[PDB]
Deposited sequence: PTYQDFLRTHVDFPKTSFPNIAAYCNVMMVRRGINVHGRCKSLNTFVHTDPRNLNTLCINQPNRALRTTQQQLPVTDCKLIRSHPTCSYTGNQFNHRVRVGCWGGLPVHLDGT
């Protein structure tokens, strides 16, 4: 996983009428649910990526924000005929894995 993959798959807030629409659409927009796949679980963090970059730790390092941030947790309920999600919005602890001074992995809730 790379830095821009981390951003694409785990950082967003885009306006949607409800959490289901949010999850269903964004999983596709962000190139995760393509070619018939439905990722069962995925979390989007709604903040400045700076908070997650901020700036150089040993790599493989796991680091956690101070302020818990707004995040959306997408959970797959049905895969056929098409991906269908529910979700929960959470003020949560954001734990990340570091490489090359950058967050490239979402490890925590």
{"query": "Deposited-sequence ranges lacking C-alpha coordinates, in sequence order", "finding": "13-14, 57-58"}
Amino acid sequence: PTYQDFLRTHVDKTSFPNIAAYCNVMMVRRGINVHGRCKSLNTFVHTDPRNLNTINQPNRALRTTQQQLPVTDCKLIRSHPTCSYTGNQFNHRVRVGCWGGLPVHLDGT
From here on, numbers count along this sequence of modelled residues.
property	result
Stretch with the greater mean C-alpha B-factor as recorded in the entry, comparing 38-46 against 67-75	67-75
Residue range whose averaged C-alpha B-factor is higher in the record, 91-99 or 21-29	91-99
Chain thirds of CA B-factor: placement of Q57	highest
B-factor third for the C-alpha atom of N51 within its chain	highest
